[PDB]
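Pasting model-v4.pdb here (PDB, C-alpha atoms):
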```pdb
ATOM      1  CA  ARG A1458      61.676  75.717 237.976  1.00  0.00           C
ATOM      2  CA  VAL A1459      61.582  73.116 240.770  1.00  0.00           C
ATOM      3  CA  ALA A1460      64.287  71.267 242.668  1.00  0.00           C
ATOM      4  CA  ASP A1461      64.636  68.592 245.339  1.00  0.00           C
ATOM      5  CA  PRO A1462      67.582  69.346 247.673  1.00  0.00           C
ATOM      6  CA  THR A1463      67.898  65.682 248.666  1.00  0.00           C
ATOM      7  CA  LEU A1464      67.961  64.512 245.042  1.00  0.00           C
ATOM      8  CA  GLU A1465      70.475  67.228 244.153  1.00  0.00           C
ATOM      9  CA  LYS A1466      72.724  66.144 247.025  1.00  0.00           C
ATOM     10  CA  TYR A1467      72.404  62.518 245.914  1.00  0.00           C
ATOM     11  CA  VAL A1468      73.397  63.372 242.345  1.00  0.00           C
ATOM     12  CA  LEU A1469      76.233  65.708 243.401  1.00  0.00           C
ATOM     13  CA  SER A1470      77.824  63.799 246.312  1.00  0.00           C
ATOM     14  CA  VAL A1471      77.718  59.993 246.120  1.00  0.00           C
ATOM     15  CA  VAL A1472      77.114  59.110 242.462  1.00  0.00           C
ATOM     16  CA  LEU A1473      80.003  61.202 241.135  1.00  0.00           C
ATOM     17  CA  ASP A1474      82.390  59.848 243.768  1.00  0.00           C
ATOM     18  CA  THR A1475      81.326  56.270 243.007  1.00  0.00           C
ATOM     19  CA  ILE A1476      81.865  56.765 239.271  1.00  0.00           C
ATOM     20  CA  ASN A1477      85.264  58.375 239.836  1.00  0.00           C
ATOM     21  CA  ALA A1478      86.361  55.593 242.186  1.00  0.00           C
ATOM     22  CA  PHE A1479      85.218  52.902 239.753  1.00  0.00           C
ATOM     23  CA  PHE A1480      86.932  54.489 236.740  1.00  0.00           C
ATOM     24  CA  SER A1481      90.132  55.562 238.555  1.00  0.00           C
ATOM     25  CA  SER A1482      91.091  52.329 240.312  1.00  0.00           C
ATOM     26  CA  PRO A1483      94.079  50.027 239.689  1.00  0.00           C
ATOM     27  CA  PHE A1484      91.681  47.143 238.993  1.00  0.00           C
ATOM     28  CA  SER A1485      89.751  49.093 236.326  1.00  0.00           C
ATOM     29  CA  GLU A1486      92.618  50.093 234.017  1.00  0.00           C
ATOM     30  CA  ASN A1487      92.851  46.439 232.967  1.00  0.00           C
ATOM     31  CA  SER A1488      89.375  46.744 231.408  1.00  0.00           C
ATOM     32  CA  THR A1489      89.017  42.976 231.076  1.00  0.00           C
ATOM     33  CA  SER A1490      85.224  43.377 230.891  1.00  0.00           C
ATOM     34  CA  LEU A1491      84.978  47.159 230.411  1.00  0.00           C
ATOM     35  CA  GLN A1492      85.647  46.723 226.681  1.00  0.00           C
ATOM     36  CA  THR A1493      82.226  45.142 226.133  1.00  0.00           C
ATOM     37  CA  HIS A1494      80.328  48.196 227.433  1.00  0.00           C
ATOM     38  CA  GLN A1495      81.080  51.567 225.821  1.00  0.00           C
ATOM     39  CA  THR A1496      77.596  52.929 225.146  1.00  0.00           C
ATOM     40  CA  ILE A1497      77.103  53.335 228.900  1.00  0.00           C
ATOM     41  CA  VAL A1498      80.399  55.232 229.112  1.00  0.00           C
ATOM     42  CA  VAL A1499      79.290  57.532 226.288  1.00  0.00           C
ATOM     43  CA  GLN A1500      75.932  58.112 227.993  1.00  0.00           C
ATOM     44  CA  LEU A1501      77.697  58.994 231.245  1.00  0.00           C
ATOM     45  CA  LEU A1502      79.982  61.361 229.330  1.00  0.00           C
ATOM     46  CA  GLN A1503      77.097  63.217 227.702  1.00  0.00           C
ATOM     47  CA  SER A1504      74.999  63.384 230.877  1.00  0.00           C
ATOM     48  CA  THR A1505      77.869  64.651 233.025  1.00  0.00           C
ATOM     49  CA  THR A1506      79.049  67.220 230.476  1.00  0.00           C
ATOM     50  CA  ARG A1507      75.480  68.500 230.113  1.00  0.00           C
ATOM     51  CA  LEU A1508      75.246  68.770 233.901  1.00  0.00           C
ATOM     52  CA  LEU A1509      78.495  70.753 233.888  1.00  0.00           C
ATOM     53  CA  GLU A1510      77.204  73.009 231.102  1.00  0.00           C
ATOM     54  CA  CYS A1511      74.127  73.720 233.204  1.00  0.00           C
ATOM     55  CA  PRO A1512      74.917  77.117 234.785  1.00  0.00           C
ATOM     56  CA  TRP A1513      73.247  76.576 238.175  1.00  0.00           C
ATOM     57  CA  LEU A1514      76.066  74.244 239.293  1.00  0.00           C
ATOM     58  CA  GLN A1515      77.728  75.668 242.401  1.00  0.00           C
ATOM     59  CA  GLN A1516      81.500  76.103 242.435  1.00  0.00           C
ATOM     60  CA  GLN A1517      81.818  74.018 245.608  1.00  0.00           C
ATOM     61  CA  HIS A1518      80.836  70.821 243.765  1.00  0.00           C
ATOM     62  CA  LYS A1519      81.688  71.785 240.176  1.00  0.00           C
ATOM     63  CA  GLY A1520      85.105  70.293 240.951  1.00  0.00           C
ATOM     64  CA  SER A1521      83.780  66.762 241.413  1.00  0.00           C
ATOM     65  CA  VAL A1522      81.988  66.985 238.058  1.00  0.00           C
ATOM     66  CA  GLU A1523      85.174  68.222 236.394  1.00  0.00           C
ATOM     67  CA  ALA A1524      87.189  65.393 237.958  1.00  0.00           C
ATOM     68  CA  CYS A1525      84.632  62.856 236.736  1.00  0.00           C
ATOM     69  CA  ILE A1526      84.841  64.323 233.228  1.00  0.00           C
ATOM     70  CA  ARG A1527      88.630  64.035 233.276  1.00  0.00           C
ATOM     71  CA  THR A1528      88.572  60.460 234.580  1.00  0.00           C
ATOM     72  CA  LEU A1529      86.033  59.273 232.020  1.00  0.00           C
ATOM     73  CA  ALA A1530      87.951  61.030 229.237  1.00  0.00           C
ATOM     74  CA  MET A1531      91.110  59.200 230.309  1.00  0.00           C
ATOM     75  CA  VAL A1532      89.209  55.897 230.339  1.00  0.00           C
ATOM     76  CA  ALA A1533      87.779  56.611 226.881  1.00  0.00           C
ATOM     77  CA  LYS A1534      91.206  57.425 225.450  1.00  0.00           C
ATOM     78  CA  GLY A1535      92.571  54.085 226.636  1.00  0.00           C
ATOM     79  CA  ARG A1536      89.502  52.137 225.504  1.00  0.00           C
ATOM     80  CA  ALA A1537      89.503  53.746 222.022  1.00  0.00           C
ATOM     81  CA  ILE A1538      85.702  53.964 222.112  1.00  0.00           C
ATOM     82  CA  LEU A1539      83.771  55.868 219.459  1.00  0.00           C
ATOM     83  CA  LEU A1540      82.843  59.466 220.269  1.00  0.00           C
ATOM     84  CA  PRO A1541      80.273  61.823 218.722  1.00  0.00           C
ATOM     85  CA  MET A1542      81.773  64.731 216.814  1.00  0.00           C
ATOM     86  CA  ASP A1543      80.200  67.497 218.908  1.00  0.00           C
ATOM     87  CA  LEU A1544      80.821  65.725 222.219  1.00  0.00           C
ATOM     88  CA  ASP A1545      84.449  65.043 221.288  1.00  0.00           C
ATOM     89  CA  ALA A1546      84.966  68.686 220.320  1.00  0.00           C
ATOM     90  CA  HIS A1547      83.395  69.876 223.577  1.00  0.00           C
ATOM     91  CA  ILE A1548      85.543  67.504 225.642  1.00  0.00           C
ATOM     92  CA  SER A1549      88.720  68.503 223.798  1.00  0.00           C
ATOM     93  CA  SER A1550      87.833  72.140 224.491  1.00  0.00           C
ATOM     94  CA  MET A1551      88.745  71.416 228.133  1.00  0.00           C
ATOM     95  CA  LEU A1552      91.159  68.483 227.751  1.00  0.00           C
ATOM     96  CA  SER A1553      94.046  70.845 226.954  1.00  0.00           C
TER
END
```
Spit out the file's structure as structure tokens when you get a sec.
Amino acid sequence: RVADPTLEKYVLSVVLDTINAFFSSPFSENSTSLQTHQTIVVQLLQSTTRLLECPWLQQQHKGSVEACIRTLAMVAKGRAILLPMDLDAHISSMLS
């Protein structure tokens, strides 16, 4: 029942944009070194989808979260990384 506006802005403005830019760039689709790390991608997936599921998210910035989810899902599909059953079902609920 507490919140820091500055921390919320930090988590909703710059971090999401940085992740989206990193995972939706021409130099990232190659995944020369991205193949080694997949646990971090899974952790980002779960954290971001939980943040989306949180109801307090305002519509103004729910879009950035959704875009990040889509981008990371596209990266995961190409990388063929392992997914948890529940997380995969939840993601597929919105993929189509």
TODO: Can you give me, as a PyMOL selection string, the residues this file yields under the PyMOL selection byres ((chain A and resi 1552) around 12)?
DONE: chain A and resi 1523-1524+1526-1531+1534+1545-1551+1553
- [ ] For the file shown, report as a list in words the outcome of the PyMOL selection byres ((chain A and resi 1464-1480) around 7) at residue level.
- [x] residues 1461, 1462, 1463, 1481, 1482, 1485, 1518, 1521, 1522, 1525, 1528, 1529 and 1532 of chain A
Task: Atomic separation - CA of residue 1543 in chain A relative to CA of residue 1510 in chain A, Å - done: 13.7 Å
TODO: Between CA of residue 1488 in chain A and CA of residue 1535 in chain A, measure the distance and give it in Å to one decimal.
DONE: 9.3 Å
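Distance-wise, CA of residue 1540 in chain A and CA of residue 1502 in chain A end up 9.7 Å apart.
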Mind rebuilding range 1494-1520 of chain A with N, CA, C and O atoms and writing that out as a PDB file, in the frame of the given file?
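The resulting file, result_12.pdb, is reproduced below:
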```pdb
ATOM      1  N   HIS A1494      81.265  47.093 227.246  1.00  0.00           N
ATOM      2  CA  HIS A1494      80.328  48.196 227.433  1.00  0.00           C
ATOM      3  C   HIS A1494      81.045  49.513 227.148  1.00  0.00           C
ATOM      4  O   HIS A1494      82.024  49.854 227.819  1.00  0.00           O
ATOM      5  N   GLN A1495      80.553  50.247 226.150  1.00  0.00           N
ATOM      6  CA  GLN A1495      81.080  51.567 225.821  1.00  0.00           C
ATOM      7  C   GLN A1495      79.939  52.561 225.636  1.00  0.00           C
ATOM      8  O   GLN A1495      80.119  53.770 225.819  1.00  0.00           O
ATOM      9  N   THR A1496      78.758  52.058 225.268  1.00  0.00           N
ATOM     10  CA  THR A1496      77.596  52.929 225.146  1.00  0.00           C
ATOM     11  C   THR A1496      77.245  53.557 226.488  1.00  0.00           C
ATOM     12  O   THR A1496      76.868  54.732 226.553  1.00  0.00           O
ATOM     13  N   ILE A1497      77.368  52.790 227.572  1.00  0.00           N
ATOM     14  CA  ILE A1497      77.103  53.335 228.900  1.00  0.00           C
ATOM     15  C   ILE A1497      78.114  54.424 229.236  1.00  0.00           C
ATOM     16  O   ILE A1497      77.768  55.451 229.834  1.00  0.00           O
ATOM     17  N   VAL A1498      79.378  54.217 228.865  1.00  0.00           N
ATOM     18  CA  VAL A1498      80.399  55.232 229.112  1.00  0.00           C
ATOM     19  C   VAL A1498      80.071  56.505 228.344  1.00  0.00           C
ATOM     20  O   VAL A1498      80.204  57.618 228.868  1.00  0.00           O
ATOM     21  N   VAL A1499      79.647  56.363 227.089  1.00  0.00           N
ATOM     22  CA  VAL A1499      79.290  57.532 226.288  1.00  0.00           C
ATOM     23  C   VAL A1499      78.090  58.253 226.896  1.00  0.00           C
ATOM     24  O   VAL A1499      78.041  59.491 226.932  1.00  0.00           O
ATOM     25  N   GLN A1500      77.095  57.495 227.364  1.00  0.00           N
ATOM     26  CA  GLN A1500      75.932  58.112 227.993  1.00  0.00           C
ATOM     27  C   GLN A1500      76.331  58.877 229.248  1.00  0.00           C
ATOM     28  O   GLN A1500      75.854  59.994 229.484  1.00  0.00           O
ATOM     29  N   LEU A1501      77.203  58.288 230.068  1.00  0.00           N
ATOM     30  CA  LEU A1501      77.697  58.994 231.245  1.00  0.00           C
ATOM     31  C   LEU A1501      78.433  60.264 230.845  1.00  0.00           C
ATOM     32  O   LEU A1501      78.252  61.317 231.466  1.00  0.00           O
ATOM     33  N   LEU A1502      79.268  60.182 229.808  1.00  0.00           N
ATOM     34  CA  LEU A1502      79.982  61.361 229.330  1.00  0.00           C
ATOM     35  C   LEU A1502      79.013  62.480 228.983  1.00  0.00           C
ATOM     36  O   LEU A1502      79.157  63.615 229.453  1.00  0.00           O
ATOM     37  N   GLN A1503      78.015  62.175 228.149  1.00  0.00           N
ATOM     38  CA  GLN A1503      77.097  63.217 227.702  1.00  0.00           C
ATOM     39  C   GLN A1503      76.287  63.776 228.866  1.00  0.00           C
ATOM     40  O   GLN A1503      76.116  64.996 228.980  1.00  0.00           O
ATOM     41  N   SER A1504      75.796  62.907 229.753  1.00  0.00           N
ATOM     42  CA  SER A1504      74.999  63.384 230.877  1.00  0.00           C
ATOM     43  C   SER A1504      75.822  64.288 231.785  1.00  0.00           C
ATOM     44  O   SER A1504      75.366  65.364 232.193  1.00  0.00           O
ATOM     45  N   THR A1505      77.054  63.879 232.096  1.00  0.00           N
ATOM     46  CA  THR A1505      77.869  64.651 233.025  1.00  0.00           C
ATOM     47  C   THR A1505      78.314  65.970 232.404  1.00  0.00           C
ATOM     48  O   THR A1505      78.349  67.000 233.087  1.00  0.00           O
ATOM     49  N   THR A1506      78.652  65.968 231.111  1.00  0.00           N
ATOM     50  CA  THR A1506      79.049  67.220 230.476  1.00  0.00           C
ATOM     51  C   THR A1506      77.863  68.169 230.350  1.00  0.00           C
ATOM     52  O   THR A1506      78.026  69.387 230.476  1.00  0.00           O
ATOM     53  N   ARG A1507      76.659  67.640 230.113  1.00  0.00           N
ATOM     54  CA  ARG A1507      75.480  68.500 230.113  1.00  0.00           C
ATOM     55  C   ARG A1507      75.230  69.081 231.499  1.00  0.00           C
ATOM     56  O   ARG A1507      74.888  70.263 231.637  1.00  0.00           O
ATOM     57  N   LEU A1508      75.399  68.265 232.541  1.00  0.00           N
ATOM     58  CA  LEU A1508      75.246  68.770 233.901  1.00  0.00           C
ATOM     59  C   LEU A1508      76.255  69.876 234.184  1.00  0.00           C
ATOM     60  O   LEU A1508      75.921  70.885 234.815  1.00  0.00           O
ATOM     61  N   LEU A1509      77.496  69.702 233.727  1.00  0.00           N
ATOM     62  CA  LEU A1509      78.495  70.753 233.888  1.00  0.00           C
ATOM     63  C   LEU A1509      78.095  72.012 233.128  1.00  0.00           C
ATOM     64  O   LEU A1509      78.216  73.127 233.650  1.00  0.00           O
ATOM     65  N   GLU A1510      77.614  71.854 231.893  1.00  0.00           N
ATOM     66  CA  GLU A1510      77.204  73.009 231.102  1.00  0.00           C
ATOM     67  C   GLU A1510      76.049  73.752 231.755  1.00  0.00           C
ATOM     68  O   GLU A1510      75.920  74.970 231.585  1.00  0.00           O
ATOM     69  N   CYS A1511      75.202  73.045 232.495  1.00  0.00           N
ATOM     70  CA  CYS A1511      74.127  73.720 233.204  1.00  0.00           C
ATOM     71  C   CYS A1511      74.721  74.786 234.124  1.00  0.00           C
ATOM     72  O   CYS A1511      75.632  74.492 234.908  1.00  0.00           O
ATOM     73  N   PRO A1512      74.238  76.032 234.059  1.00  0.00           N
ATOM     74  CA  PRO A1512      74.917  77.117 234.785  1.00  0.00           C
ATOM     75  C   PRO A1512      74.665  77.131 236.282  1.00  0.00           C
ATOM     76  O   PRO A1512      75.467  77.722 237.016  1.00  0.00           O
ATOM     77  N   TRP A1513      73.588  76.505 236.759  1.00  0.00           N
ATOM     78  CA  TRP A1513      73.247  76.576 238.175  1.00  0.00           C
ATOM     79  C   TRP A1513      74.228  75.823 239.065  1.00  0.00           C
ATOM     80  O   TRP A1513      74.167  75.981 240.289  1.00  0.00           O
ATOM     81  N   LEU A1514      75.119  75.013 238.494  1.00  0.00           N
ATOM     82  CA  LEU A1514      76.066  74.244 239.293  1.00  0.00           C
ATOM     83  C   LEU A1514      76.917  75.155 240.169  1.00  0.00           C
ATOM     84  O   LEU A1514      77.544  76.098 239.677  1.00  0.00           O
ATOM     85  N   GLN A1515      76.943  74.874 241.469  1.00  0.00           N
ATOM     86  CA  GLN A1515      77.728  75.668 242.401  1.00  0.00           C
ATOM     87  C   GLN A1515      79.207  75.302 242.314  1.00  0.00           C
ATOM     88  O   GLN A1515      79.576  74.154 242.047  1.00  0.00           O
ATOM     89  N   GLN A1516      80.059  76.302 242.557  1.00  0.00           N
ATOM     90  CA  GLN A1516      81.500  76.103 242.435  1.00  0.00           C
ATOM     91  C   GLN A1516      82.002  75.057 243.423  1.00  0.00           C
ATOM     92  O   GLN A1516      82.984  74.357 243.150  1.00  0.00           O
ATOM     93  N   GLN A1517      81.342  74.935 244.577  1.00  0.00           N
ATOM     94  CA  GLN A1517      81.818  74.018 245.608  1.00  0.00           C
ATOM     95  C   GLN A1517      81.888  72.588 245.089  1.00  0.00           C
ATOM     96  O   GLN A1517      82.821  71.845 245.415  1.00  0.00           O
ATOM     97  N   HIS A1518      80.910  72.183 244.277  1.00  0.00           N
ATOM     98  CA  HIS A1518      80.836  70.821 243.765  1.00  0.00           C
ATOM     99  C   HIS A1518      81.014  70.744 242.252  1.00  0.00           C
ATOM    100  O   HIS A1518      80.875  69.657 241.681  1.00  0.00           O
ATOM    101  N   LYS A1519      81.316  71.862 241.586  1.00  0.00           N
ATOM    102  CA  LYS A1519      81.688  71.785 240.176  1.00  0.00           C
ATOM    103  C   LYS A1519      82.976  70.988 239.996  1.00  0.00           C
ATOM    104  O   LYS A1519      83.188  70.358 238.950  1.00  0.00           O
ATOM    105  N   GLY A1520      83.844  71.005 241.005  1.00  0.00           N
ATOM    106  CA  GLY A1520      85.105  70.293 240.951  1.00  0.00           C
ATOM    107  C   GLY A1520      84.952  68.794 240.801  1.00  0.00           C
ATOM    108  O   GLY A1520      85.694  68.169 240.040  1.00  0.00           O
TER     109      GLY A1520
END
```
